[PDB]
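*Asks:* Attaching a single structure in structure tokens format; questions to follow.
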Amino acid sequence: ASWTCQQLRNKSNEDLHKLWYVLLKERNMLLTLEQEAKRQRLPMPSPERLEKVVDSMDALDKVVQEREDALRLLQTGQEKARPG
Amino acid sequence: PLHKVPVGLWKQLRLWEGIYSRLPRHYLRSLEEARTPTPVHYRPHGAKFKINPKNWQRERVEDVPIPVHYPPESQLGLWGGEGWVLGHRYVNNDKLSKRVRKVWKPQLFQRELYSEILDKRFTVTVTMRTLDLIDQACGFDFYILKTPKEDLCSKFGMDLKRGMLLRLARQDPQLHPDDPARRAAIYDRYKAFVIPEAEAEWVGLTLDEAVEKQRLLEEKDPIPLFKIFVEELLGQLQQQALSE
Amino acid sequence: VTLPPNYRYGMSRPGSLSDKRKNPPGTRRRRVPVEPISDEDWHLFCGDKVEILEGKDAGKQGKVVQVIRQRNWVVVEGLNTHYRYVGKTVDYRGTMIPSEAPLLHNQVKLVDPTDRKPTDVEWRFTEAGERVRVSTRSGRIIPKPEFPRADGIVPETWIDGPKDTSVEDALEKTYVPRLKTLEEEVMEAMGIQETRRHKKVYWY
Amino acid sequence: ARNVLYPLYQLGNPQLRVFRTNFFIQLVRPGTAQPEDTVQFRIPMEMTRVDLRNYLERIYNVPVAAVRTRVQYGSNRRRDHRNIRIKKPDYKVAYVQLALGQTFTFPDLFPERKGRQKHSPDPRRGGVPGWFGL
Amino acid sequence: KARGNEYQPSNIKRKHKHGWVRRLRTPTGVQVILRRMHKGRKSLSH
RNA sequence: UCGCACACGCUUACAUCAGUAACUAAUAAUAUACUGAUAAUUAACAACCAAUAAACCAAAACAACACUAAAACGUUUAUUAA
RNA sequence: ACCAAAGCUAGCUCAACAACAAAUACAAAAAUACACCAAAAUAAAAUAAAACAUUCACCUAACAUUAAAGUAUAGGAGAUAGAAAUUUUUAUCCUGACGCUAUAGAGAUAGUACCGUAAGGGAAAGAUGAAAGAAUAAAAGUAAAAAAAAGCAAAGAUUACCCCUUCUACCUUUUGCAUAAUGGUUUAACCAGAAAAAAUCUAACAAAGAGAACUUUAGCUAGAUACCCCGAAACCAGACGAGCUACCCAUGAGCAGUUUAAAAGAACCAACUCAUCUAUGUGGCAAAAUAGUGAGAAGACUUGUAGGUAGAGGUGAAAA
Ligand SMILES: [Mg+2]
Ligand SMILES: [Mg+2]
Ligand SMILES: [Mg+2]
Ligand SMILES: [Mg+2]
Ligand SMILES: [Mg+2]
Ligand SMILES: [Mg+2]
Ligand SMILES: [Mg+2]
Ligand SMILES: [Mg+2]
Ligand SMILES: [Mg+2]
Ligand SMILES: [Mg+2]
Ligand SMILES: [Mg+2]
Ligand SMILES: [Mg+2]
Ligand SMILES: [Mg+2]
Ligand SMILES: [Mg+2]
Ligand SMILES: [Mg+2]
Ligand SMILES: [Mg+2]
Ligand SMILES: [Mg+2]
Ligand SMILES: [Mg+2]
Ligand SMILES: [Mg+2]
Ligand SMILES: [Mg+2]
Ligand SMILES: [Mg+2]
Ligand SMILES: [Mg+2]
Ligand SMILES: [Mg+2]
Ligand SMILES: [Mg+2]
Ligand SMILES: [Mg+2]
Ligand SMILES: [Mg+2]
Ligand SMILES: [Mg+2]
Ligand SMILES: [Mg+2]
Ligand SMILES: [Mg+2]
Ligand SMILES: [Mg+2]
Ligand SMILES: [Mg+2]
Ligand SMILES: [Mg+2]
Ligand SMILES: [Mg+2]
Ligand SMILES: [Mg+2]
């Protein structure tokens with residue numbers, strides 16, 4: 001299964017930071033297989049993978065965004081991150 | 001379809017909402033009611049009733065002010081409440097002749113005016129009428145304090161008024177720094193016109209200047225959530241210590 | 001997911017060949033009236049036993065494959081049936097398959113397990129706060145059909161490949177709720193020391 | 001990193017850092033014959049050369065000698081049923097060349113390893129429906 | 001001599017006469033944009 | 001026998017493999033112009049790429065030197081230039 | 001038998017009530033260097049007055065509603081324009097439809113295709129079924145089924161299609177049209193008479209009648225009876241246009257040979273520029289060309305890129 005947020009809330013910062021690259025490399029490998037499969041005129045094996053590695057990354061983002069956006073409220077009290 | 005409220009009232013319901021609601025009441029009250037400007041170009045007839053020459057019956061007679069135009073320069077000087085009269089005229093004054101577009105411009109002069117309250121000499125473009133009223137009011141500062149908003153017509157006049165009115169209500173020592181005697185004299189004869197302090201600073205403003213000043217008086221950068229959370233926690237701890 | 005404003009659901013998946021053939025890119029067809037049933041008022045699920053009250057085949061019992069909520073259809077496995085060939089080549093017609101014809105929800109009642117009869121199912125919230133289906137006629141609790149999932153992966157029979165994370169590790173809580181952000185955290189952890197600071201910057 | 005704001009650089013600022021990199025790469029089989037030392041990557045549009053070099057070296061530990069980039073233009077010419085144009089996306093292509101004398105070759109990704117009815121009508125029957133026996 | 005070829009394409013002249021900036025510099029240009037938004041055009045300005 | 005480049009301008013119309021009953025070609029054959037899938041032009045050329053003070057009257061014309069209609073175009077010194 | 005034909009929906013009318021994120025004004029969608037900002041002057045005419053000059057409602061504002069009243073007044077005292085004093089008004093709730101069905105109703109499946117440099121213009125279309133994870137034969141035009149002396153095409157008739165006999169297409173327009181006057185290939189769908197002063201007709205109640213204000217010497221009050229469609233050249237305001245062409249301002253670039261002391265608004269003759277004369281062409285190859293033949297060809301010469309002047313105007317080696 002792809003990572004659900006609740007599973008990610010439990011990881012510390014360094015662990016998320018590391019998970020990011022394990023996710024990254026897998027994404028590149030999938031992407032390459034994608035293109036290659038398109039060139040060889042052959043259907044691509046287990047497409048589900050590409051959907052999954054997206055979600056987790058997308059999930060991972062949500063988790064860090066919160067930890068910034070919470071903390072910046074707790075410090076400054078300006079809701080939006082960029083001035084405007 | 002239709003509009004829930006007519007448009008002439010759109011411009012009004014603009015004020016009833018948002019930041020305008022936080023403006024001081026006196027300002028708004030002053031803006032709403034408009035005392036009708038003293039006739040300058042057209043010439044009024046006092047009586048409410050007249051007697052028709054041909055008809056021989058009493059006639060209800062009303063007065064319609066003539067629309068006059070204020071150029072952008074006029075807003076910088078004191079023109080005595082007048083301006084350009086745009087209109088048409090009949091050549092020869094026979095209604096049967098040609099009708100022709102025409103504009104009467106007021107005659108302008110370059111003059112200097114002396115303030116007791118502002119203690120200064122200004123170079124203002126004035127009209128003859130301005131000097132006449134300055135005359136009849138017996139002072140330049142008298143002319144500015146004794147006159148309503150509609151009669152001056154100039155941003156310069158109303159910011160003049162605001163400036164020196166503020167100077168009156170502050171009882172500023174900077175007026176005649178070395179002479180308490182001239183302070184006594186100068187402040188005394190205008191003492192008829194003293195207004196409180198919160199009123200004086202809002203008197204000359206324009207809706208944009210009001211909105212801006214209000215904006216600045218209302219600026220508070222948001223309290224850190226840390227603060228409010230600490231307050232709440234301390235409240236809880238004190239209630240817990242008191243209940244025990 | 002790709003959808004047009006006027007669309008007809010043909011038992012075929014929205015993103016599929018049979019569907020692009022059914023309603024090609026430029027079709028707009030007559031409106032299909034759908035008697036509104038709000039999600040919370042919907043008493044049917046896939047997998048439960050139902051009785052068919054309508055048609056040539058009625059009074060019978062059957063299991064529900066899937067519900068299509070858009071046009072409001074239920075699917076009974078091999079019950080309402082019409083015949084469709086699969087392989088057809090020039091000299092040969094192969095694989096005659098009996099195929100499930102869709103059924104409206106007015107023709108299908110939910111069957112309570114114990115005495116096997118058709119009933120009107122009505123939602124009740126119990127004292128403990130669960131949402132159960134109570135029969136009006138029989139006065140019973142009617143279960144909802146615990147059913148497999150689309151991917152065909154059963155959680156009980158499962159093995160980790162190289163890239164599968166073992167449950168123990170994934171569940172482990174390593175989080176230490178302190179006030180740093182990811183940047184200062186990682187930078188402090190990696191031992192990267194930075195001295196010089198940003199000059200003042202204006203924002204317009 | 002793509003789509004992010006970058007801090008405005010002035011004199012003596014902190015070395016710019018990106019902890020979670022936003023880019024993504026494709027390694028693509030070259031459409032034309034190129035030397036053993038060349039590999040080809042479609043990258044995202046907003047990625048600089050220097051970025052692709054560092055990205056390759058630090059993520060994948062590749063010793064890269066040379067990088068070059070060009071921008072490929074996707075056709076605007078195919079039309080919808082509404083007769084509005086479909087635009088294939090534009091995309092950036094990079095050529096990298098390996099420093100230590102290493103030879104690459106694109107892996108064949110599809111090895112080929114996997115895991116009779118005659119019902120024809122009878123010529124001498126003359127159209128008689130054979131199932132029926134008599 | 002023969003006519004109808006009057007339009008000689010130039011990218012600089014095109015952006016300089018009809019481009020977004022040229023519109024925005026003058027009040028009436030602004031109203032060209034405004035009217036074109038009120039009619040809801042896919043392309044406001046050259 | 002209006003050939004090869006660049007400038008301006010066009011935007012994938014270019015390349016490979018495949019299909020053409022019917023669409024494009026004003027007909028066919030087959031295909032640079034129709035349809036699908038896949039690819040593609042890689043910078044040393046070209047674009048982007050400092051200011052302020054001060055000296056300097058003295059044409060291009062194969063440039064000796066001139067002609068009248070009086071001529072486009074910068075070096076060098078000083079002060080600072082990530 | 002082809003071509004075709006049929007659905008009822010998408011939606012409209014009218015009225016009550018009241019996905020971030022980045023990127024953007026560099027030549028918008030380009031992170032990043034020294035500035036400037038910003039501005040305002042009555043609406044005119046078309047048209048009515050059977051012309052046209054004074055004058056011409058509505059077009060800005062709100063003020064509503066029943067009256068005073070189309071009255072006082074204002075008007076080339078014409079056309080027309082037109083008040084006020086003073087009077088009247090019970091609450092919300094209670095939403096729908098003698099409104100349209102794909103030439104209708106929105107322009108709309110769209111401000112999209114496409115047409116314009118630009119402001120700007122601006123379309124066309126959909127139809128089986130529960131399930132396609134099941135495969136009526138009725139418009140014109142034609143085909144089945146070329147045509148046999150003769151004549152507005154038919155009619156009287158006949159045993160009989162013709163053959164006989166009798167007849168100047170139809171509208172519009174005119175004194176008068178078979179006219180050799182206008183109009184139309186044919187089919188389908190769209191496509192043009194609106195008002196209530198006085199009057200008449202039918203009823204109510206009557207010296208009175210009207211659910212307020214008015215009119216009354218049989219009157220009042222109510223109903224019913226009424227007055228088209230498509231076309232200029234124009235005129236006025238505000239936008240957008242100098243990528244063509246007119247003339248300028250920048251910054252570039254060409255001009256070989258031959259003759260002559262010569263780059264001399266000199267000769268000869270190419271490139272390059274013009275357009276003389278003839279023939280082709282005339283729904284062309286081309287909304288101005290091609291073939292021959294011609295003028296000029298170091299100059300008031302041709303030509304590239306980029307600015308500028310805008311209609312009450314510009315520009316003009318004046319051809320309005
Ligand atoms: Mg690059
Ligand atoms: Mg390059
Ligand atoms: Mg044209
Ligand atoms: Mg080019
Ligand atoms: Mg063909
Ligand atoms: Mg007239
Ligand atoms: Mg007339
Ligand atoms: Mg006339
Ligand atoms: Mg008028
Ligand atoms: Mg329509
Ligand atoms: Mg265009
Ligand atoms: Mg027929
Ligand atoms: Mg005959
Ligand atoms: Mg006759
Ligand atoms: Mg006619
Ligand atoms: Mg005649
Ligand atoms: Mg005749
Ligand atoms: Mg004629
Ligand atoms: Mg005629
Ligand atoms: Mg005709
Ligand atoms: Mg009447
Ligand atoms: Mg009578
Ligand atoms: Mg006139
Ligand atoms: Mg006229
Ligand atoms: Mg220009
Ligand atoms: Mg020009
Ligand atoms: Mg020569
Ligand atoms: Mg000569
Ligand atoms: Mg000849
Ligand atoms: Mg000659
Ligand atoms: Mg000569
Ligand atoms: Mg000339
Ligand atoms: Mg002349
Ligand atoms: Mg003439």
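Residue numbering restarts at 1 in every chain; chains get A, B, ... in the order shown in the structure tokens, and ligands count up from 1 in that same order.
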Write out as a ChimeraX atom specification the set of residues from chain A that DSSP, computed on the backbone, places in helix (DSSP H, G or I).
*Replies:* /A:5-9,13-39,48-75
*Asks:* Set the cut-off to 9 Å, count only C-alpha atoms (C1' of nucleotides) and all ligand atoms, and list whatever residues fall near ligand 27 as a PyMOL selection string.
*Replies:* chain G and resi 255-257+263+297-298
*Asks:* Neighbours of ligand 15 at 8 Å or closer, counting only C-alpha atoms (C1' of nucleotides) and all ligand atoms: which residues, as a ChimeraX atom specification?
*Replies:* /G:171-172,182-183
*Asks:* By how many Å are CA of residue 47 (chain C) and CA of residue 9 (chain C) apart?
*Replies:*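 Value for the CA of residue 47 (chain C)-CA of residue 9 (chain C) distance: 21.1 Å.
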*Asks:* For region 142-147 of chain B, work out the shell of residues within 8 Å, counting only C-alpha atoms (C1' of nucleotides) and skipping chain neighbours fewer than 6 positions away, then give it as an mmCIF file with N, CA and C atoms, in the first residue's frame.
*Replies:*
```cif
data_model
loop_
_atom_site.group_PDB
_atom_site.id
_atom_site.type_symbol
_atom_site.label_atom_id
_atom_site.label_comp_id
_atom_site.auth_asym_id
_atom_site.auth_seq_id
_atom_site.Cartn_x
_atom_site.Cartn_y
_atom_site.Cartn_z
ATOM 1 N N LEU B 133 -15.007 88.264 0.901
ATOM 2 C CA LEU B 133 -15.461 87.515 2.068
ATOM 3 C C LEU B 133 -14.422 87.536 3.181
ATOM 4 N N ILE B 134 -13.150 87.470 2.795
ATOM 5 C CA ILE B 134 -12.034 87.646 3.719
ATOM 6 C C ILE B 134 -12.169 89.000 4.403
ATOM 7 N N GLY B 157 -8.492 74.829 1.508
ATOM 8 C CA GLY B 157 -9.204 75.549 2.548
ATOM 9 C C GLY B 157 -9.546 74.665 3.732
ATOM 10 N N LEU B 160 -6.491 73.697 5.595
ATOM 11 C CA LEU B 160 -6.131 74.906 6.339
ATOM 12 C C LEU B 160 -6.891 75.000 7.664
ATOM 13 N N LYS B 161 -8.207 74.874 7.536
ATOM 14 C CA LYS B 161 -9.123 74.791 8.660
ATOM 15 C C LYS B 161 -8.711 73.691 9.643
ATOM 16 N N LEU B 165 -7.335 74.549 13.368
ATOM 17 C CA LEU B 165 -8.262 74.073 14.389
ATOM 18 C C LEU B 165 -7.551 73.114 15.345
ATOM 19 N N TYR B 190 -10.179 83.773 18.997
ATOM 20 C CA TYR B 190 -10.720 82.645 18.253
ATOM 21 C C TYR B 190 -11.328 81.597 19.191
ATOM 22 N N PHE B 193 -14.268 79.399 18.694
ATOM 23 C CA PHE B 193 -14.243 78.281 17.752
ATOM 24 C C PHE B 193 -13.618 76.972 18.240
#
```
*Asks:* Can you pull out every residue with an atom within 8 Å of ligand 13? Use only C-alpha atoms (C1' of nucleotides) and all ligand atoms and format it as a PDB file with N, CA and C atoms (P, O5', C5', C4', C3', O3' and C1' of nucleotides), in the first residue's frame.
*Replies:*
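Below you can see out_28.pdb, which holds the result:
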```pdb
ATOM      1  P     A G 150     -45.106  17.817 -82.874  1.00  0.00           P
ATOM      2  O5'   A G 150     -46.313  18.849 -83.001  1.00  0.00           O
ATOM      3  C5'   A G 150     -46.549  19.824 -81.986  1.00  0.00           C
ATOM      4  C4'   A G 150     -47.930  19.681 -81.400  1.00  0.00           C
ATOM      5  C3'   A G 150     -48.368  18.235 -81.210  1.00  0.00           C
ATOM      6  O3'   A G 150     -48.935  17.931 -79.908  1.00  0.00           O
ATOM      7  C1'   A G 150     -49.844  19.362 -82.739  1.00  0.00           C
ATOM      8  P     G G 151     -49.914  18.877 -79.026  1.00  0.00           P
ATOM      9  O5'   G G 151     -49.041  20.139 -78.590  1.00  0.00           O
ATOM     10  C5'   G G 151     -49.644  21.215 -77.882  1.00  0.00           C
ATOM     11  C4'   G G 151     -48.927  22.524 -78.104  1.00  0.00           C
ATOM     12  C3'   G G 151     -49.807  23.763 -78.075  1.00  0.00           C
ATOM     13  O3'   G G 151     -50.017  24.204 -76.745  1.00  0.00           O
ATOM     14  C1'   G G 151     -48.325  23.857 -79.939  1.00  0.00           C
ATOM     15  P     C G 163     -53.770  15.143 -78.835  1.00  0.00           P
ATOM     16  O5'   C G 163     -54.135  14.417 -80.212  1.00  0.00           O
ATOM     17  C5'   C G 163     -53.176  14.289 -81.260  1.00  0.00           C
ATOM     18  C4'   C G 163     -53.741  13.540 -82.438  1.00  0.00           C
ATOM     19  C3'   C G 163     -55.014  14.129 -83.014  1.00  0.00           C
ATOM     20  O3'   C G 163     -54.756  15.179 -83.928  1.00  0.00           O
ATOM     21  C1'   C G 163     -55.314  11.812 -82.659  1.00  0.00           C
TER      22        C G 163
END
```
*Asks:* For ligand 22, collect every residue having any atom at a distance of at most 12 Å from a ligand atom (counting only C-alpha atoms (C1' of nucleotides) and all ligand atoms); output as a list in words.
*Replies:*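 Final answer, ordered by chain and number: residues 200, 201, 206, 218, 219 and 220 of chain G.
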*Asks:* Show me which residues sit within 9 Å of ligand 28 when counting only C-alpha atoms (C1' of nucleotides) and all ligand atoms, and put them as a PyMOL selection string.
*Replies:* chain G and resi 264-267+296-299
